[PDB]
Amino acid sequence: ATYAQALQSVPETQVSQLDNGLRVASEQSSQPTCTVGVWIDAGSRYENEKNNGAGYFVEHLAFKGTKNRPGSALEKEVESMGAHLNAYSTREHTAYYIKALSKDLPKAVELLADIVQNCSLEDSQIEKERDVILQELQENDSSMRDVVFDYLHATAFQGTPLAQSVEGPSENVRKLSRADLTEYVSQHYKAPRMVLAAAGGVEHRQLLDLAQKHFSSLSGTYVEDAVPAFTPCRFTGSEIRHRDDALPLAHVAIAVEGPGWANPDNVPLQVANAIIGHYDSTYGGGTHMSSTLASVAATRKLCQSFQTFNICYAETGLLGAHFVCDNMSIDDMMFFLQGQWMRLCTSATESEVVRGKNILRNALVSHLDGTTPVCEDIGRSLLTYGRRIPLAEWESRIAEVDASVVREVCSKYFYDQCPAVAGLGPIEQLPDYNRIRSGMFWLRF
Amino acid sequence: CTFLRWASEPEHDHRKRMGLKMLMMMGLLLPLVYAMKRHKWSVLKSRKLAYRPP
């Protein structure tokens, strides 16, 4: 049995639609558990400065009660069958999913149709969630990576809705009335924006027939005519430096404008990112790692950690690198990161592309282990691609990358481009923006 | 007196032709190098500072 023949035997994702436009998608297995959820085309990029934070607030209030399950009846019902009710919001998506036994799918879908459609949004629970969201803001400030990536978004997408954080500034959380939160759900929690995904021991026909008795009153109509529309987000080469020498380590995120989701350049770029890879000081192979930046950082103790990232949105993205290091090593970290970028742009070699493609295949297959990653894969894929891209198609797209492809795409996105830079902490030795900008081309080239 | 000015300065005409060429080259180079300096320096000249003490 060959990896190629295992990809073909990976089961199919059935997709069926309701009249309201709700899209129902499921990957069946023989597992005795399942993960069913609702993925909505919602996030803070659809929020303006007035209501920024409303989606995170609605997520906060989602499980706190509905018109039929008063406030903790929902929690007792989910708990008494051993299920797990999670939620998450990003700048572009919002998910509500349950991990249940396969026999509990009818109750799991009935729980989500109630939650996504009939949140009481009670005036008394909004005040209680204010203090939590305010406290969670302070808990968030303590995470330097979250701060530095919010900073990267704020400077990269300045002037646009994508600069906003999901949570919103701690000025709107105290002002979001019930009417705001009611309006956010009335504008964004619609069937044509919603995907009902399942994965595990779930038959598609039965999930369909549950959706068309629980979600079938989820309209896609907008008050009078006021349907919200898409707004593209300008990228800005820019810098945001938050200098705080009391913090023991510096966090540096640097990104160029990357492709949106449906751009095939994503596959060659992810490959190339696998060439730079990622490092942590607790790794192992260390100085013998194939990634040049990893081996230099391990040999010289240049950093505590570094990662490559490709964050995608509908029409743009952030393609770059985040590293944590001490105040006297930022310069070397930036030098070697930009040198590796330039070396991929100009002189990627076939063997490192083979290893990078190997890494990408392994990351894609290992990621999809379990019902919950598959359920999120289905929901997010229908929101971003309008379909589920099979692992066979991912393999076919990876098989087409070579060193020439990597050189051309890394040239297009990295070479002689202006990056957004976020620095937090003891960042006095983080290079000046002209010096970082000069690191995006080579004079030898 | 014309001949004596030439005898004192046989480079008079060539010096003035070189001066014209220098003036045109400077009237190109000084604005463009000034633009170069301001391109590099715009990062400093437009940056904004915010103080957020605890």
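The structure we're discussing is the one just above.
In short, a report on the structure. (Residues numbered from 1 in each chain as written, not as in the entry; some residues may be left out. Chains lettered and ligands numbered in written order. Part of a larger assembly, values for the part shown. Heavy atoms only, no water. Residues with missing side-chain atoms left out of burial classes, pairs and counts.)

Some remarks on the overall build of chain B
Here is step 1 of the chain: When helices and strands are tallied, chain B shows two helices and zero strands.
Here is step 2 of the chain: For 54 residues, the compact-globule estimate of 2.2 N^0.38 gives 10 Å, and the C-alpha radius of gyration of chain B, at 24 Å, exceeds that figure by more than 25%.
Here is step 3 of the chain: By its C-alpha atoms, chain B is 80 × 15 × 10 Å across when sized along the principal axes.
Here is step 4 of the chain: Taking all 54 residues of chain B together, 2% fall into the buried category. (Helix = DSSP H or I, 4+ residues; strand = E, 2+ residues; numbered from the N terminus. Rg over C-alpha atoms; globule rule 2.2 N^0.38 Å. Buried < 20%, exposed > 50% of the residue type's maximum accessible area, 1.4 Å probe, protein only.)

Structural notes on unusual backbone geometry
Residues and elements named next belong to chain A.
Here is step 1 of the chain: In this structure, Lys301 takes a positive phi of about 60° despite not being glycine.
Here is step 2 of the chain: Take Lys301: it is sitting in the loop between α10 (292-300) and β10 (305-312).
Here is step 3 of the chain: By relative accessible area, which is 59% here, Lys301 ends up exposed.
Here is step 4 of the chain: Of note in this structure, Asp416 is not a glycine but carries a positive phi near 60°.
Here is step 5 of the chain: Mapping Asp416 onto the fold places it in the loop between α15 (403-414) and β12 (420-425).

A look at the sheet that holds strand β5 (residues 94-101) of chain A
Residues and elements named next belong to chain A.
Here is step 1 of the chain: The six strands lie next to each other as β1-β2-β6-β3-β5-β4, forming an open sheet whose pairing is mixed. Every other strand in the sheet has two partners, leaving β1 (13-17) and β4 (84-89) as the edge strands with one partner each. Neighbour-to-neighbour, the strand axes of this sheet turn through a mean angle of 15°, independent of strand direction.
Here is step 2 of the chain: Relative to β5, strand β3 (residues 33-40) runs antiparallel, the two being bridged by eight bridges. By the bridge assignment for β5, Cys34 is matched with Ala100. (Pairing = 2+ DSSP bridges. Axes fitted to C-alpha atoms, helices over the stretch in contact; angles between N-to-C directions.)

Structural notes on helix α3 (residues 73-80) of chain A
Residue and element names in this part refer to chain A.
Here is step 1 of the chain: Within α3, the full set of buried residues consists of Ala73, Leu74 and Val78. Taken down its axis, α3 places every buried residue within 130° of arc, on the same side. Among the exposed residues of α3, those pointing more than 90 degrees away from its buried face are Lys76 and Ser80.
Here is step 2 of the chain: One or two positions beyond α3, positive phi appears at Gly82, with a value near 75°. (Arc of directions from axis to C-beta.)

A short note on the sheet that holds strand β11 (residues 317-325) of chain A
Residue and element names in this part refer to chain A.
Here is step 1 of the chain: In space, the six strands of this open sheet follow the order β7-β12-β8-β11-β10-β9, with mixed pairing throughout. Sheet topology places β7 (238-243) and β9 (278-280) at the edges, where each strand pairs with a single neighbour. Between one strand axis and the next, the sheet turns through 15° on average, direction left out of account.
Here is step 2 of the chain: As defined by bridge partners, β7 adjoins β12 across six bridges and the pair is classed as parallel. The residue bridging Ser238 from the neighbouring strand is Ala420, located in β12.
Here is step 3 of the chain: The sheet strands contacting helix α6 (residues 144-156) are β7, β8 (250-258), β10, β11 and β12, and the helix crosses β12 at an angle near 145°.
Here is step 4 of the chain: Most of the contacts of α15 go to β8, to which it runs at about 105°, and overall it touches β8 and β11. (Contact = heavy atoms within 4.5 Å.)

Description of the packing of helix α9 (residues 266-276) of chain A against helix α11 (residues 330-347) of chain A
Residue and element names in this part refer to chain A.
Here is step 1 of the chain: With their axes 11 Å apart at the nearest point, α9 and α11 run at an angle of 135° to one another. Viewed along their axes, α9 and α11 adopt a mutual orientation that is oblique. When you trace α9 past α11, the crossing you get is right-handed. Where α9 approaches α11, its residues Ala272, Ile275 and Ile276 are matched on the opposing element by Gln340, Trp341, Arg343 and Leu344. (Parallel < 35°, antiparallel > 145°, perpendicular 65-115°, else oblique. Left-handed = near helix turned anticlockwise from the far one by under 90°.)

Scope: geometric values only; no functional claims are made or implied.
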